[PDB]
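File shown: data.txt. Contents: compact mmCIF, C-alpha atoms.
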# COMPACT_ATOMS: atom_id res chain seq x y z
CA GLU J 1 130.70 64.64 91.15
CA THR J 2 133.95 64.25 89.20
CA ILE J 3 134.70 62.83 85.75
CA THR J 4 137.69 60.48 85.55
CA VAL J 5 138.14 60.42 81.74
CA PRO J 6 137.68 62.88 78.87
CA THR J 7 133.95 63.28 78.36
CA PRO J 8 131.89 65.14 75.72
CA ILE J 9 130.32 68.36 76.99
CA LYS J 10 126.91 67.26 75.67
CA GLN J 11 127.08 64.12 77.85
CA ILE J 12 127.37 66.14 81.07
CA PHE J 13 125.16 69.12 80.18
CA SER J 14 121.94 67.54 78.95
CA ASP J 15 120.18 70.84 78.11
CA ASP J 16 121.10 71.68 74.51
CA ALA J 17 121.16 75.43 75.19
CA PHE J 18 123.31 75.04 78.32
CA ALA J 19 125.69 72.72 76.44
CA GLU J 20 126.36 75.50 73.93
CA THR J 21 127.04 77.79 76.90
CA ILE J 22 129.79 75.50 78.18
CA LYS J 23 131.23 75.04 74.68
CA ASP J 24 131.41 78.82 74.23
CA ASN J 25 132.84 79.40 77.71
CA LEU J 26 135.68 76.94 77.04
CA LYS J 27 136.13 78.21 73.44
CA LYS J 28 135.49 74.73 72.01
CA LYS J 29 134.24 73.97 68.50
CA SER J 30 131.37 71.57 69.29
CA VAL J 31 129.31 70.38 72.24
CA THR J 32 130.54 66.90 71.24
CA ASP J 33 134.17 67.84 72.00
CA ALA J 34 135.66 66.06 75.01
CA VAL J 35 136.70 68.02 78.11
CA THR J 36 138.69 67.13 81.22
CA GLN J 37 138.07 67.80 84.90
CA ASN J 38 141.00 70.23 84.84
CA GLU J 39 139.19 72.28 82.19
CA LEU J 40 135.94 72.21 84.18
CA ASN J 41 137.90 73.26 87.28
CA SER J 42 139.06 76.33 85.32
CA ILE J 43 135.55 77.81 84.98
CA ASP J 44 135.17 80.78 87.35
CA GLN J 45 132.18 82.50 85.72
CA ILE J 46 129.31 81.56 83.40
CA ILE J 47 127.37 84.16 81.38
CA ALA J 48 124.26 82.64 79.78
CA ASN J 49 121.43 85.16 79.95
CA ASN J 50 118.43 84.88 77.62
CA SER J 51 119.61 81.54 76.25
CA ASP J 52 116.41 79.43 76.49
CA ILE J 53 118.01 77.21 79.16
CA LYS J 54 115.59 74.86 80.93
CA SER J 55 118.04 73.01 83.23
CA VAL J 56 121.54 73.52 84.60
CA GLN J 57 121.92 69.77 85.25
CA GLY J 58 125.64 69.00 85.15
CA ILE J 59 126.78 72.25 86.78
CA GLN J 60 127.51 70.30 89.98
CA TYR J 61 130.76 69.13 88.29
CA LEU J 62 132.05 72.74 88.31
CA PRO J 63 133.34 73.20 91.88
CA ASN J 64 135.02 76.59 91.29
CA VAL J 65 132.19 78.66 89.78
CA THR J 66 131.97 81.98 91.64
CA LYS J 67 129.73 83.99 89.28
CA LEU J 68 126.60 82.69 87.57
CA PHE J 69 124.50 84.82 85.19
CA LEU J 70 121.27 83.01 84.23
CA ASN J 71 118.74 85.82 83.70
CA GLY J 72 115.94 85.27 81.20
CA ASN J 73 115.75 81.48 81.03
CA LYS J 74 113.17 78.76 81.80
CA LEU J 75 114.65 77.41 85.03
CA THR J 76 112.54 75.99 87.85
CA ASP J 77 114.66 73.48 89.81
CA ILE J 78 118.03 74.79 91.04
CA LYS J 79 119.05 71.72 93.08
CA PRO J 80 122.26 71.21 90.98
CA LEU J 81 123.56 74.46 92.55
CA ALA J 82 123.31 73.15 96.10
CA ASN J 83 127.01 72.36 96.61
CA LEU J 84 128.73 75.20 94.71
CA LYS J 85 130.37 76.39 97.91
CA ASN J 86 132.27 79.27 96.26
CA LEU J 87 129.31 80.84 94.44
CA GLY J 88 129.33 84.57 95.14
CA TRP J 89 127.02 86.13 92.54
CA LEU J 90 123.77 84.55 91.35
CA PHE J 91 121.40 86.27 88.89
CA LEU J 92 118.15 84.41 88.17
CA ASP J 93 115.81 87.17 86.93
CA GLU J 94 112.86 86.12 84.76
CA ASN J 95 112.64 82.45 85.71
CA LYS J 96 110.18 80.44 87.84
CA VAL J 97 112.46 79.57 90.77
CA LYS J 98 110.54 79.18 94.04
CA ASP J 99 112.52 76.58 96.07
CA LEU J 100 115.07 78.82 97.78
CA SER J 101 116.04 75.98 100.15
CA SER J 102 118.66 74.83 97.63
CA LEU J 103 120.58 78.01 98.55
CA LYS J 104 120.85 77.39 102.30
CA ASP J 105 124.50 76.27 102.23
CA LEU J 106 125.85 78.96 99.87
CA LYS J 107 127.56 80.85 102.68
CA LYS J 108 129.84 82.87 100.37
CA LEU J 109 126.95 84.25 98.30
CA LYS J 110 127.26 88.05 98.22
CA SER J 111 124.71 89.06 95.56
CA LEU J 112 121.36 87.45 94.71
CA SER J 113 118.88 88.55 92.03
CA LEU J 114 115.47 86.84 91.77
CA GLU J 115 113.19 89.31 89.99
CA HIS J 116 110.13 88.21 88.00
CA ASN J 117 110.00 84.69 89.46
CA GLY J 118 106.49 84.55 90.96
CA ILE J 119 107.91 84.28 94.49
CA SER J 120 105.79 84.85 97.58
CA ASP J 121 107.56 82.85 100.32
CA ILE J 122 111.08 84.19 100.96
CA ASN J 123 111.48 82.57 104.40
CA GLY J 124 114.25 80.41 102.91
CA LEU J 125 116.49 83.50 102.83
CA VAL J 126 117.05 83.14 106.60
CA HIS J 127 120.04 80.91 105.76
CA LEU J 128 121.86 83.77 103.95
CA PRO J 129 122.55 86.45 106.59
CA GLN J 130 125.80 87.50 104.83
CA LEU J 131 124.10 88.76 101.64
CA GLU J 132 125.08 92.27 100.56
CA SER J 133 122.79 92.71 97.52
CA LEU J 134 119.26 91.34 97.10
CA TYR J 135 116.96 92.00 94.12
CA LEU J 136 113.38 90.74 94.54
CA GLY J 137 111.36 93.04 92.29
CA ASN J 138 108.31 91.98 90.28
CA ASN J 139 107.05 89.20 92.53
CA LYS J 140 104.15 88.48 94.91
CA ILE J 141 105.86 89.12 98.25
CA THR J 142 103.80 90.31 101.22
CA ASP J 143 105.76 89.21 104.32
CA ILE J 144 109.34 90.49 104.63
CA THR J 145 109.67 89.58 108.33
CA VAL J 146 112.79 87.52 107.56
CA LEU J 147 114.76 90.52 106.26
CA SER J 148 115.51 91.70 109.81
CA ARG J 149 118.19 88.98 109.84
CA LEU J 150 119.89 90.38 106.71
CA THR J 151 121.95 92.95 108.60
CA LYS J 152 124.66 93.00 105.91
CA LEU J 153 122.50 94.23 103.01
CA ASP J 154 123.58 97.52 101.48
CA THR J 155 121.40 97.08 98.36
CA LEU J 156 117.79 95.87 98.48
CA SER J 157 115.18 96.01 95.71
CA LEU J 158 111.61 95.08 96.66
CA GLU J 159 109.84 97.11 93.96
CA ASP J 160 106.61 95.85 92.36
CA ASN J 161 105.45 93.60 95.19
CA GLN J 162 102.56 93.63 97.68
CA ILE J 163 104.33 94.81 100.84
CA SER J 164 102.47 96.92 103.40
CA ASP J 165 104.47 96.18 106.58
CA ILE J 166 107.98 97.60 106.19
CA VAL J 167 108.78 97.49 109.94
CA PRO J 168 111.37 94.67 109.39
CA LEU J 169 113.62 97.15 107.54
CA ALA J 170 113.92 99.60 110.42
CA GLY J 171 117.17 98.20 111.80
CA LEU J 172 118.96 97.59 108.48
CA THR J 173 121.07 100.72 108.86
CA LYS J 174 123.69 99.50 106.36
CA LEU J 175 121.25 100.06 103.48
CA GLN J 176 122.53 102.55 100.91
CA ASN J 177 120.16 101.80 97.98
CA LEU J 178 116.51 100.92 98.61
CA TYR J 179 113.89 100.42 95.88
CA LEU J 180 110.35 100.02 97.24
CA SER J 181 108.14 101.46 94.48
CA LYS J 182 104.91 99.74 93.39
CA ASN J 183 103.99 98.34 96.79
CA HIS J 184 101.27 99.02 99.38
CA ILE J 185 103.24 101.31 101.69
CA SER J 186 101.37 104.06 103.54
CA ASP J 187 103.56 104.61 106.64
CA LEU J 188 107.20 105.63 106.24
CA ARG J 189 108.04 105.65 109.96
CA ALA J 190 110.08 102.44 109.54
CA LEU J 191 112.55 104.26 107.25
CA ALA J 192 113.31 107.13 109.65
CA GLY J 193 116.63 105.77 110.89
CA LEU J 194 118.26 104.79 107.57
CA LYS J 195 120.68 107.71 107.67
CA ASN J 196 123.08 106.23 105.08
CA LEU J 197 120.66 106.09 102.13
CA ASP J 198 121.88 107.58 98.86
CA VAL J 199 119.20 106.22 96.47
CA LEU J 200 115.54 105.73 97.42
CA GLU J 201 112.44 105.06 95.29
CA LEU J 202 108.90 105.14 96.71
CA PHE J 203 106.63 105.80 93.69
CA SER J 204 103.25 104.20 92.90
CA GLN J 205 102.01 102.93 96.27
CA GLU J 206 98.56 101.32 96.07
CA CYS J 207 96.88 101.31 99.49
CA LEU J 208 93.49 99.62 99.92
CA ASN J 209 91.30 100.50 102.90
CA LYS J 210 88.80 98.07 104.34
CA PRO J 211 85.31 98.73 102.92
CA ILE J 212 82.89 101.01 104.74
CA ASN J 213 79.24 101.86 104.14
CA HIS J 214 78.39 104.52 101.59
CA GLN J 215 76.70 107.60 103.05
CA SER J 216 75.55 110.94 101.70
CA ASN J 217 78.19 112.81 103.74
CA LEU J 218 81.29 110.61 103.88
CA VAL J 219 84.39 111.02 106.06
CA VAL J 220 87.54 108.91 105.69
CA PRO J 221 90.68 109.43 107.81
CA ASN J 222 93.91 110.25 105.99
CA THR J 223 96.17 107.31 106.85
CA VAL J 224 99.27 108.31 104.83
CA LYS J 225 102.15 109.15 107.17
CA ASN J 226 105.63 110.60 106.64
CA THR J 227 108.77 109.33 108.38
CA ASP J 228 107.95 111.55 111.38
CA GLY J 229 104.36 110.28 111.57
CA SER J 230 102.87 113.46 110.07
CA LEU J 231 100.10 113.27 107.47
CA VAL J 232 100.83 113.61 103.75
CA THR J 233 98.53 116.18 102.17
CA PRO J 234 96.63 114.65 99.22
CA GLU J 235 97.81 115.66 95.76
CA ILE J 236 94.34 115.30 94.19
CA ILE J 237 91.02 113.88 95.41
CA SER J 238 88.42 112.09 93.30
CA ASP J 239 84.75 113.08 93.01
CA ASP J 240 85.41 116.77 93.78
CA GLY J 241 86.46 115.87 97.31
CA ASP J 242 88.19 118.14 99.81
CA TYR J 243 90.85 117.69 102.49
CA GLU J 244 89.81 118.76 106.01
CA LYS J 245 92.79 117.57 108.12
CA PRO J 246 92.96 114.88 109.33
CA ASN J 247 90.02 113.67 107.23
CA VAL J 248 89.07 113.52 103.55
CA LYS J 249 85.41 114.34 102.88
CA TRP J 250 83.01 113.86 99.96
CA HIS J 251 79.43 114.76 99.20
CA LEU J 252 77.96 111.75 97.36
CA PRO J 253 74.25 112.39 96.71
CA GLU J 254 74.15 109.22 94.59
CA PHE J 255 75.73 105.91 95.52
CA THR J 256 79.15 105.02 94.16
CA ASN J 257 81.14 101.96 95.12
CA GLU J 258 84.53 103.71 95.34
CA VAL J 259 86.26 107.00 96.08
CA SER J 260 90.01 107.56 96.07
CA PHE J 261 92.77 110.13 96.47
CA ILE J 262 96.35 110.46 95.21
CA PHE J 263 99.21 111.78 97.34
CA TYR J 264 102.65 113.30 96.71
CA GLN J 265 105.33 114.05 99.32
CA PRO J 266 109.01 114.88 98.73
CA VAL J 267 111.18 112.93 101.15
CA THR J 268 114.76 113.41 102.34
CA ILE J 269 116.48 110.72 104.43
CA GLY J 270 120.20 110.89 105.09
CA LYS J 271 121.59 112.04 101.74
CA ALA J 272 118.79 110.41 99.72
CA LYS J 273 115.96 112.28 97.98
CA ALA J 274 112.77 110.42 97.11
CA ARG J 275 109.25 110.99 95.79
CA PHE J 276 106.60 109.35 98.00
CA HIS J 277 103.71 108.80 95.59
CA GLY J 278 100.63 106.61 95.64
CA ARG J 279 96.85 106.25 95.86
CA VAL J 280 94.43 105.32 98.67
CA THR J 281 91.31 103.48 97.44
CA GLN J 282 88.15 103.30 99.60
CA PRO J 283 85.50 100.71 98.59
CA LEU J 284 81.94 101.56 99.65
CA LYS J 285 78.94 99.31 100.36
CA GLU J 286 75.39 100.46 99.55
CA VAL J 287 73.45 99.84 102.79
CA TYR J 288 69.88 100.72 103.75
CA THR J 289 67.74 100.26 106.87
CA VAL J 290 64.87 97.80 107.37
CA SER J 291 62.51 99.03 110.10
CA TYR J 292 60.46 96.30 111.82
CA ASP J 293 57.20 97.81 113.17
CA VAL J 294 55.40 95.72 115.82
CA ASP J 295 52.18 97.57 116.75
CA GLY J 296 53.91 100.94 116.68
CA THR J 297 57.33 100.00 118.10
CA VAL J 298 60.16 99.83 115.57
CA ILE J 299 63.59 98.22 115.55
CA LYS J 300 65.96 99.17 112.73
CA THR J 301 68.81 97.11 111.27
CA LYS J 302 71.16 97.90 108.40
CA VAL J 303 71.34 95.55 105.41
CA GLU J 304 73.28 95.72 102.15
CA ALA J 305 71.07 96.13 99.10
CA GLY J 306 70.94 93.03 96.93
CA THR J 307 71.58 90.67 99.87
CA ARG J 308 69.10 88.45 101.69
CA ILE J 309 67.32 89.74 104.80
CA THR J 310 67.53 87.58 107.92
CA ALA J 311 64.02 87.34 109.36
CA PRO J 312 63.64 88.49 112.99
CA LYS J 313 62.25 86.31 115.75
CA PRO J 314 58.45 86.50 115.33
CA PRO J 315 56.42 88.60 117.78
CA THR J 316 54.16 86.81 120.28
CA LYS J 317 50.86 88.60 121.00
CA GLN J 318 48.46 86.88 123.45
CA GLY J 319 45.02 85.93 122.18
CA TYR J 320 46.11 86.24 118.53
CA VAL J 321 48.20 84.38 115.94
CA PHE J 322 51.06 86.04 114.05
CA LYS J 323 50.52 85.85 110.29
CA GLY J 324 53.52 87.57 108.72
CA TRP J 325 55.47 90.72 107.90
CA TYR J 326 53.58 92.89 105.41
CA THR J 327 54.66 95.88 103.33
CA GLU J 328 51.88 98.07 104.79
CA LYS J 329 50.14 98.17 108.16
CA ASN J 330 46.61 97.98 106.73
CA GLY J 331 46.80 96.20 103.39
CA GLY J 332 49.75 95.37 101.19
CA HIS J 333 51.42 92.03 100.55
CA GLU J 334 53.55 89.74 102.72
CA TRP J 335 57.33 89.83 102.53
CA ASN J 336 58.95 86.49 101.66
CA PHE J 337 62.41 86.51 103.23
CA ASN J 338 63.76 83.53 101.26
CA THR J 339 63.27 85.21 97.88
CA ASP J 340 62.97 88.97 98.41
CA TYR J 341 66.29 90.83 98.77
CA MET J 342 66.97 94.14 100.45
CA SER J 343 65.98 97.00 98.13
CA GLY J 344 67.85 100.18 97.32
CA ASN J 345 65.93 102.27 99.83
CA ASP J 346 64.92 102.37 103.47
CA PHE J 347 61.61 100.69 104.20
CA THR J 348 59.36 99.37 106.98
CA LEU J 349 57.76 95.94 107.47
CA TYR J 350 54.57 95.67 109.56
CA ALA J 351 53.63 92.70 111.75
CA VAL J 352 50.09 91.44 111.13
CA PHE J 353 48.14 89.24 113.56
CA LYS J 354 44.77 87.51 113.23
CA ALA J 355 42.04 86.20 115.51
CA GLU J 356 42.20 82.75 117.06

Show this structure as structure tokens.
Amino acid sequence: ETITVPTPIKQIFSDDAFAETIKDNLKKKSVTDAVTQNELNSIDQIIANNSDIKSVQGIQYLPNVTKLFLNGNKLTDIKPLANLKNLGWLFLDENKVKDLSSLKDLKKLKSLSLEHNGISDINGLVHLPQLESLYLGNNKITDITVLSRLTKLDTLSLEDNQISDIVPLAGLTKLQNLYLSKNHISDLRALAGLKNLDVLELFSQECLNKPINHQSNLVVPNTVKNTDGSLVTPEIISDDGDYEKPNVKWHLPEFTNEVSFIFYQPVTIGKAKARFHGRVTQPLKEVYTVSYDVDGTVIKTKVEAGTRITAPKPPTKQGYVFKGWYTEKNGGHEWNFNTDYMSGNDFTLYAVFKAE
């Protein structure tokens, strides 16, 4: 990883955009100009944001780089970084970098920015417990279990992700700046002990409940909790709903597949002021009851409209032969379970028998 003769910049740095970056850093006239290892050793910092760079191949010949600004490029592989032992600041916003394993030996890294990279798996960050700043906004992260090992972070941005479980942050008492907006957070109890916060953002939380059946009189528990576990009063409720603590209630005379409510709660933690803001969405299934009548005795089961009915075990009446399930006791037509789907209303099916 060392050149032994003067070598043109373009020969080492194969990406045309990155070659111009080295030329400009060294104040050279052309990417064809020859450079020496002593000149490469002199590079402490590279600033090449928004420069259409696809590859940093060649950077492994720069042992003394401590600061690397590469926001807004087209990078995917970062393996050439693997042995830059003195790298302290790495900014890789707006790329497509997913293989964080190349970072595992960068033990002097103090600041890491990886926003807008499509990342979901951050487990590779376990090898960087010394990090002080971490920017992971605009990604697809759900599991932040690993962050309990990052006990040196004072700055953490996780905004615009898919996080619901923030329990791994509870012990990270060094945090001073914490950006968590645009996530799925409904329970702030994990934040209660972060007494050193100065800046906190908690806006636009989208919280999705598991679906329940639609009913005429609907009750859904309020699941939004402050740092002390207390319920956050809804800011506004859809469909003319009302808040009857601890439950939100609606009268829905006609079926609808969703209700929702928005919440707002001012929050103070340590010296930090924040606005806890978000929406809880409740999907609803339209279910009705099939009643099976067997000579006056009925069993009822609930079935979603538009789905197939599972036929019950047929009744066995001595001296007769079961013929089918009919829409009326005396008369009507027979229900065909393989092709007729549950209707949008309650109804009864009647067992009919015939003589031997």

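If all atoms listed in the file are the atoms counted, then among J:164, J:180, J:269, J:169 the closest residue to residue 224 in chain J is J:164.
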
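Nearest to residue 23 in chain J of all the residues J:237, J:122, J:150, J:40 is J:40, based on all atoms listed in the file.
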
Closest of J:309, J:304, J:217, J:207 to residue 282 in chain J - atom-to-atom distances counting all atoms listed in the file |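 Looking at the shortest contact to residue 282 in chain J, the residue is J:207.
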
Answer as an mmCIF file with C-alpha atoms, keeping the file's coordinate frame, residues within 10 Å of (116.3, 88.1, 109.9) using only C-alpha atoms:
data_model
loop_
_atom_site.group_PDB
_atom_site.id
_atom_site.type_symbol
_atom_site.label_atom_id
_atom_site.label_comp_id
_atom_site.auth_asym_id
_atom_site.auth_seq_id
_atom_site.Cartn_x
_atom_site.Cartn_y
_atom_site.Cartn_z
ATOM 1 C CA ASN J 123 111.480 82.570 104.400
ATOM 2 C CA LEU J 125 116.490 83.500 102.830
ATOM 3 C CA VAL J 126 117.050 83.140 106.600
ATOM 4 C CA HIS J 127 120.040 80.910 105.760
ATOM 5 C CA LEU J 128 121.860 83.770 103.950
ATOM 6 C CA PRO J 129 122.550 86.450 106.590
ATOM 7 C CA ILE J 144 109.340 90.490 104.630
ATOM 8 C CA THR J 145 109.670 89.580 108.330
ATOM 9 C CA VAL J 146 112.790 87.520 107.560
ATOM 10 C CA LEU J 147 114.760 90.520 106.260
ATOM 11 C CA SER J 148 115.510 91.700 109.810
ATOM 12 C CA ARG J 149 118.190 88.980 109.840
ATOM 13 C CA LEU J 150 119.890 90.380 106.710
ATOM 14 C CA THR J 151 121.950 92.950 108.600
ATOM 15 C CA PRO J 168 111.370 94.670 109.390
ATOM 16 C CA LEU J 169 113.620 97.150 107.540
ATOM 17 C CA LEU J 172 118.960 97.590 108.480
#

Fewer than 2 positions away in the same chain doesn't count, so skip those; otherwise give me all residues within 9 Å of residue 174 in chain J, counting all atoms listed in the file, as a PDB file with C-alpha atoms, in the coordinates of the input.
ATOM      1  CA  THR J 151     121.950  92.950 108.600  1.00  0.00           C
ATOM      2  CA  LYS J 152     124.660  93.000 105.910  1.00  0.00           C
ATOM      3  CA  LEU J 153     122.500  94.230 103.010  1.00  0.00           C
ATOM      4  CA  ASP J 154     123.580  97.520 101.480  1.00  0.00           C
ATOM      5  CA  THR J 155     121.400  97.080  98.360  1.00  0.00           C
ATOM      6  CA  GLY J 171     117.170  98.200 111.800  1.00  0.00           C
ATOM      7  CA  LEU J 172     118.960  97.590 108.480  1.00  0.00           C
ATOM      8  CA  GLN J 176     122.530 102.550 100.910  1.00  0.00           C
ATOM      9  CA  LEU J 194     118.260 104.790 107.570  1.00  0.00           C
ATOM     10  CA  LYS J 195     120.680 107.710 107.670  1.00  0.00           C
ATOM     11  CA  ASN J 196     123.080 106.230 105.080  1.00  0.00           C
ATOM     12  CA  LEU J 197     120.660 106.090 102.130  1.00  0.00           C
TER      13      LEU J 197
END

Residue with smallest distance to residue 289 in chain J - pool J:349, J:274, J:248, J:97, counting all atoms listed in the file =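 Nearest to residue 289 in chain J: J:349.
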
Can you fill out range 242-266 of chain J with N, CA and C atoms and hand it back as a tab-separated table (two decimals), in the coordinates of the input?
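Listed below is the output, rebuild.tsv:
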chain	number	residue	atom	x	y	z
J	242	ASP	N	87.42	117.11	99.12
J	242	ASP	CA	88.19	118.14	99.81
J	242	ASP	C	88.97	117.50	100.95
J	243	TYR	N	90.07	118.13	101.34
J	243	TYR	CA	90.85	117.69	102.49
J	243	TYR	C	90.60	118.62	103.67
J	244	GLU	N	90.01	118.07	104.73
J	244	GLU	CA	89.81	118.76	106.01
J	244	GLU	C	90.55	118.00	107.11
J	245	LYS	N	91.86	118.28	107.24
J	245	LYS	CA	92.79	117.57	108.12
J	245	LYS	C	92.16	117.25	109.47
J	246	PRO	N	92.22	116.00	109.94
J	246	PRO	CA	92.96	114.88	109.33
J	246	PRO	C	92.12	114.01	108.40
J	247	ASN	N	90.97	114.50	107.95
J	247	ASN	CA	90.02	113.67	107.23
J	247	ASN	C	89.82	114.17	105.80
J	248	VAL	N	89.54	113.23	104.90
J	248	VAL	CA	89.07	113.52	103.55
J	248	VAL	C	87.56	113.36	103.51
J	249	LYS	N	86.87	114.31	102.88
J	249	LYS	CA	85.41	114.34	102.88
J	249	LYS	C	84.87	114.49	101.46
J	250	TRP	N	83.72	113.84	101.23
J	250	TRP	CA	83.01	113.86	99.96
J	250	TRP	C	81.53	114.09	100.23
J	251	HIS	N	80.88	114.76	99.28
J	251	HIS	CA	79.43	114.76	99.20
J	251	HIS	C	79.02	113.89	98.02
J	252	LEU	N	78.32	112.79	98.32
J	252	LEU	CA	77.96	111.75	97.36
J	252	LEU	C	76.45	111.60	97.37
J	253	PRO	N	75.72	112.48	96.68
J	253	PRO	CA	74.25	112.39	96.71
J	253	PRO	C	73.74	111.10	96.08
J	254	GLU	N	74.49	110.52	95.16
J	254	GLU	CA	74.15	109.22	94.59
J	254	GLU	C	75.20	108.21	95.04
J	255	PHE	N	74.79	106.95	95.14
J	255	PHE	CA	75.73	105.91	95.52
J	255	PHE	C	76.82	105.71	94.48
J	256	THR	N	78.05	105.52	94.97
J	256	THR	CA	79.15	105.02	94.16
J	256	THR	C	79.96	104.06	95.01
J	257	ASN	N	80.50	103.02	94.37
J	257	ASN	CA	81.14	101.96	95.12
J	257	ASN	C	82.61	102.24	95.43
J	258	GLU	N	83.13	103.40	95.06
J	258	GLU	CA	84.53	103.71	95.34
J	258	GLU	C	84.77	105.21	95.26
J	259	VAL	N	85.57	105.72	96.19
J	259	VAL	CA	86.26	107.00	96.08
J	259	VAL	C	87.75	106.76	96.32
J	260	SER	N	88.57	107.74	95.97
J	260	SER	CA	90.01	107.56	96.07
J	260	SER	C	90.68	108.93	96.12
J	261	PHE	N	91.94	108.94	96.56
J	261	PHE	CA	92.77	110.13	96.47
J	261	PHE	C	94.23	109.77	96.25
J	262	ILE	N	94.95	110.65	95.57
J	262	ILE	CA	96.35	110.46	95.21
J	262	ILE	C	97.16	111.40	96.11
J	263	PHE	N	98.36	110.97	96.48
J	263	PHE	CA	99.21	111.78	97.34
J	263	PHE	C	100.63	111.88	96.78
J	264	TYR	N	101.27	113.00	97.10
J	264	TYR	CA	102.65	113.30	96.71
J	264	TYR	C	103.36	114.01	97.85
J	265	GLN	N	104.53	113.50	98.23
J	265	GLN	CA	105.33	114.05	99.32
J	265	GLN	C	106.81	113.90	99.01
J	266	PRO	N	107.55	114.99	98.83
J	266	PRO	CA	109.01	114.88	98.73
J	266	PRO	C	109.61	114.46	100.06
